């Protein structure tokens, strides 16, 4: 009945009434603080056809403090760490307690075809993205197919 859980319940209600395209997610049945979500690869991009599973972990400090979001499906992206951790400014220092699960997933969806070049978490990817966009798309297609083994 804590404030964090109450907000997360509202987050779910809003996400269900009007879910963004290619975006869905729900709290694990044993812990509302831990969710699971799915982001479909944006339409006309190299991530096209992707079915990416994500994990979202909230603390009791939510919504004041952002959750940590990691891709469960394998990933190849400039802003994604080896453990699947997503490096996204709104989850770090540009975080606003007004952002909800729908907004977070939507941003991560947009981040797919528009990598933040500030500080890559994945070097090989930031390199191929700028210096060999053909090899980059090859390895992304490899991740797209593997993402099907998840859902």
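Numbering follows the first chain given and starts at 1.
If you average the CA temperature factors over each stretch, which comes out higher, 122 to 130 or 99 to 107?
-> Of 99 to 107 and 122 to 130, the stretch with the higher C-alpha B-factor average is 122 to 130.
Would 51 to 59 or 36 to 44 have the larger average of its C-alpha temperature factors, as given in the entry?
-> Per the PDB entry, the higher value belongs to 36 to 44.
Which third of the chain does residue 93 land in by C-alpha B-factor: lowest, middle or highest?
-> Highest third.
Rank-wise, by C-alpha B-factor, drop residue 66 into the lowest, middle or highest third of its chain.
-> For residue 66, the deposited C-alpha B-factor lands in the middle third.
Would you please rank residue 13 by its C-alpha temperature factor against the other modelled residues of its chain and give the third it falls in: lowest, middle or highest?
-> For residue 13, whose C-alpha B-factor we compare with every modelled residue in the chain, the answer is the lowest third.
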